[PDB]
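Have a look at protein.cif; it's mmCIF, C-alpha atoms and all ligand atoms:
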data_final
#
loop_
_atom_site.label_atom_id
_atom_site.label_comp_id
_atom_site.auth_asym_id
_atom_site.auth_seq_id
_atom_site.Cartn_x
_atom_site.Cartn_y
_atom_site.Cartn_z
CA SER A 7 73.12 89.18 88.32
CA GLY A 8 75.80 91.69 89.38
CA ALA A 9 78.60 93.99 88.21
CA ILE A 10 81.83 95.66 89.32
CA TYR A 11 82.10 99.46 88.96
CA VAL A 12 85.69 100.77 88.94
CA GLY A 13 86.71 104.17 87.51
CA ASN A 14 84.73 104.66 84.30
CA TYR A 15 84.32 100.92 83.72
CA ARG A 16 81.50 98.36 84.28
CA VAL A 17 82.60 94.69 84.52
CA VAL A 18 79.85 92.10 83.96
CA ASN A 19 79.49 88.41 82.98
CA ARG A 20 79.71 88.48 79.14
CA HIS A 21 76.53 86.32 78.97
CA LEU A 22 74.53 88.88 80.96
CA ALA A 23 75.81 92.01 79.09
CA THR A 24 73.04 94.33 77.84
CA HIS A 25 72.66 96.11 74.45
CA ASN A 26 74.15 99.28 76.04
CA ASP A 27 77.17 97.27 77.27
CA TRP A 28 77.84 95.98 73.72
CA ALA A 29 77.37 99.46 72.19
CA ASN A 30 79.86 100.89 74.75
CA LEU A 31 82.23 97.87 74.68
CA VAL A 32 85.80 98.35 75.93
CA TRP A 33 86.95 94.67 76.05
CA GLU A 34 85.38 91.18 76.12
CA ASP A 35 86.66 87.59 76.17
CA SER A 36 84.26 84.68 75.54
CA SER A 37 86.66 82.14 77.02
CA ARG A 38 86.63 84.13 80.31
CA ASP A 39 82.86 84.94 80.31
CA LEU A 40 83.81 88.66 80.91
CA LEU A 41 82.85 91.95 79.32
CA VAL A 42 83.87 95.50 80.26
CA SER A 43 81.85 98.54 79.07
CA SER A 44 82.38 102.28 79.60
CA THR A 45 80.34 104.36 82.04
CA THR A 46 79.57 108.08 82.41
CA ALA A 47 79.74 108.05 86.24
CA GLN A 48 82.68 107.06 88.42
CA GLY A 49 82.48 103.72 90.27
CA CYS A 50 83.55 103.08 93.87
CA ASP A 51 84.92 99.52 93.74
CA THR A 52 88.65 98.71 94.16
CA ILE A 53 90.15 95.75 92.26
CA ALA A 54 92.41 93.52 94.37
CA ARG A 55 96.09 93.30 93.15
CA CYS A 56 97.27 90.17 94.96
CA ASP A 57 97.42 86.35 94.88
CA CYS A 58 94.93 85.74 97.84
CA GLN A 59 93.20 82.36 97.94
CA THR A 60 90.75 83.22 100.75
CA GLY A 61 87.83 85.64 100.64
CA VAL A 62 84.04 86.00 100.85
CA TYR A 63 81.44 85.74 98.02
CA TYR A 64 77.79 86.75 97.81
CA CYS A 65 75.35 83.92 96.92
CA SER A 66 71.97 85.42 95.85
CA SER A 67 70.23 81.98 95.97
CA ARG A 68 70.93 81.85 99.72
CA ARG A 69 70.94 85.66 100.50
CA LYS A 70 74.27 84.86 102.21
CA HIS A 71 77.94 85.84 102.06
CA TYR A 72 80.19 82.79 102.45
CA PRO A 73 83.84 82.74 103.49
CA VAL A 74 85.79 80.43 101.13
CA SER A 75 89.20 79.20 100.06
CA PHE A 76 89.59 79.28 96.25
CA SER A 77 92.04 78.03 93.65
CA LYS A 78 94.43 80.24 91.57
CA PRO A 79 93.06 81.35 88.13
CA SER A 80 93.41 78.49 85.63
CA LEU A 81 92.11 76.91 82.40
CA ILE A 82 89.31 74.48 83.36
CA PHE A 83 86.83 72.38 81.40
CA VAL A 84 83.27 73.63 82.03
CA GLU A 85 80.19 71.68 81.03
CA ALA A 86 77.52 73.12 78.73
CA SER A 87 75.10 75.73 80.09
CA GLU A 88 72.19 77.71 78.59
CA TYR A 89 74.82 80.29 77.41
CA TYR A 90 77.87 78.37 76.21
CA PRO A 91 78.55 74.89 74.86
CA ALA A 92 81.06 72.73 76.85
CA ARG A 93 84.53 74.31 76.57
CA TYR A 94 87.64 75.32 78.49
CA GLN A 95 87.07 78.53 80.49
CA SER A 96 90.26 80.56 81.22
CA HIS A 97 91.22 82.62 84.33
CA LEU A 98 88.67 80.54 86.39
CA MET A 99 88.92 79.93 90.18
CA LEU A 100 86.91 77.23 92.05
CA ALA A 101 85.71 77.06 95.67
CA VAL A 102 83.55 74.58 97.57
CA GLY A 103 80.20 76.25 97.89
CA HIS A 104 76.67 76.65 96.68
CA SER A 105 75.69 78.35 93.45
CA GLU A 106 72.92 78.41 90.81
CA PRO A 107 72.92 80.08 87.32
CA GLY A 108 71.27 83.27 88.62
CA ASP A 109 74.09 83.74 91.15
CA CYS A 110 76.38 84.86 88.27
CA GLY A 111 77.64 88.35 88.94
CA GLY A 112 78.00 87.82 92.70
CA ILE A 113 81.30 89.33 93.83
CA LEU A 114 84.21 87.44 95.44
CA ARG A 115 86.32 89.80 97.59
CA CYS A 116 89.45 89.55 99.67
CA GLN A 117 91.12 92.04 102.08
CA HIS A 118 92.54 93.91 99.02
CA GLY A 119 89.31 94.41 97.11
CA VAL A 120 87.33 92.71 94.32
CA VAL A 121 88.80 89.41 93.12
CA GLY A 122 86.20 88.20 90.60
CA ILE A 123 82.57 87.41 89.85
CA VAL A 124 80.54 84.16 89.93
CA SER A 125 80.44 82.55 86.45
CA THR A 126 80.13 78.73 86.73
CA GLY A 127 79.16 75.96 89.12
CA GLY A 128 77.99 72.47 89.80
CA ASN A 129 78.78 69.41 91.88
CA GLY A 130 79.09 71.57 95.00
CA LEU A 131 81.71 73.86 93.41
CA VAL A 132 81.34 77.53 92.52
CA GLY A 133 83.51 79.06 89.79
CA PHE A 134 84.60 82.72 89.67
CA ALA A 135 85.99 84.66 86.72
CA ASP A 136 89.15 86.47 87.97
CA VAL A 137 89.65 90.20 87.23
CA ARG A 138 92.88 90.84 89.22
CA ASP A 139 95.06 90.53 86.14
CA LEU A 140 93.17 93.34 84.27
CA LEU A 141 95.54 96.07 85.41
CA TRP A 142 94.14 98.65 83.02
CA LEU A 143 90.88 98.75 85.03
CA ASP A 144 92.87 101.02 87.54
CA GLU A 145 94.01 103.68 85.05
CA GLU A 146 92.76 106.23 82.44
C1 LIG A 201 75.27 75.30 89.53
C2 LIG A 201 75.73 76.57 88.86
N1 LIG A 201 76.26 77.55 89.56
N2 LIG A 201 76.52 78.57 88.68
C3 LIG A 201 77.03 79.85 89.15
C4 LIG A 201 76.19 78.23 87.41
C5 LIG A 201 76.26 78.95 86.22
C6 LIG A 201 75.76 78.35 85.06
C7 LIG A 201 75.69 79.17 83.82
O1 LIG A 201 74.74 79.04 83.04
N3 LIG A 201 76.69 80.03 83.59
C8 LIG A 201 76.75 80.78 82.34
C9 LIG A 201 78.18 81.19 82.01
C10 LIG A 201 79.00 80.00 81.67
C11 LIG A 201 80.30 79.77 81.91
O2 LIG A 201 80.61 78.51 81.47
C12 LIG A 201 79.44 78.05 80.97
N4 LIG A 201 78.46 78.88 81.04
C13 LIG A 201 75.25 77.05 85.11
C14 LIG A 201 75.21 76.33 86.29
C15 LIG A 201 75.65 76.93 87.47
ZN ZN A 202 93.87 89.87 98.19
#
Any chance you could put this one into structure tokens?
Amino acid sequence: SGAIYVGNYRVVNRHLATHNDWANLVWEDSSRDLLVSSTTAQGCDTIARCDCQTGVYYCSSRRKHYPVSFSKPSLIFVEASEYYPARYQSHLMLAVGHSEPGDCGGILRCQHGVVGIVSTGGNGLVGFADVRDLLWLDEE
């Protein structure tokens, strides 16, 4: 589990969104496994605006924050899970590291701020949904 709180927005994995998130939906994209909902209170997170390929992510199944190198956001084939059939997931970044389904929502961060959240994994690779291209998260 996990979310990003920036301005009056809440960014979560689309497969873990709650009924309140869907009722207060701002934007969602199934191919990215992301959903953004509106909030009443202001968040404190800063979204990175950069092309970094190094950072640190939180892995709940190890209670550890791991420094990693990661790929640039791309369209990658992802095997079936309990939440989606096998399909191409867009805006996905991979790193060599440990992850389990319940690690979804763990934040990847660089020196500039939040880069993305854990979404996929397997074979010793962890996949993160990028949010750096969602420029509108910084305004209004
Ligand atoms: C080993 C592993 N690490 N991680 C973080 C996983 C995540 C899943 C998973 O169910 N994700 C749901 C969202 C989703 C995107 O694409 C398909 N399904 C499955 C296996 C792993
Ligand atoms: Zn950065």
Quiz prompt | Among listed residues A:34, A:144, A:57, A:136, nearest ligand ZN 202 (chain A) (using all atoms listed in the file) | solution =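 Closest to ligand ZN 202 (chain A), using all atoms listed in the file: A:57.
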Listed atoms of ligand LIG 201 (chain A) boxed along x, y and z, 4 Å each side, centre and edge lengths in Å, one decimal, as lines of an AutoDock Vina configuration file:
center_x = 77.7
center_y = 78.2
center_z = 85.3
size_x = 13.9
size_y = 13.9
size_z = 16.6
Quiz item: Can you tell me which residues sit at most 7 Å away from ligand LIG 201 (chain A), counting all atoms listed in the file, written as a PyMOL selection string?
Solution: chain A and resi 21+39+84-92+95+105-110+124-128+132-133
Exercise. Step by step, measure atom-to-atom distances between ligand ZN 202 (chain A) and each residue using all atoms listed in the file, keep those at most 10 Å, then write them as a PyMOL selection string.
Key: chain A and resi 53-61+115-121+138
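Considering the residues A:40, A:140, A:10, A:131 and counting all atoms listed in the file, residue A:52 has its shortest atom-to-atom contact with A:10.
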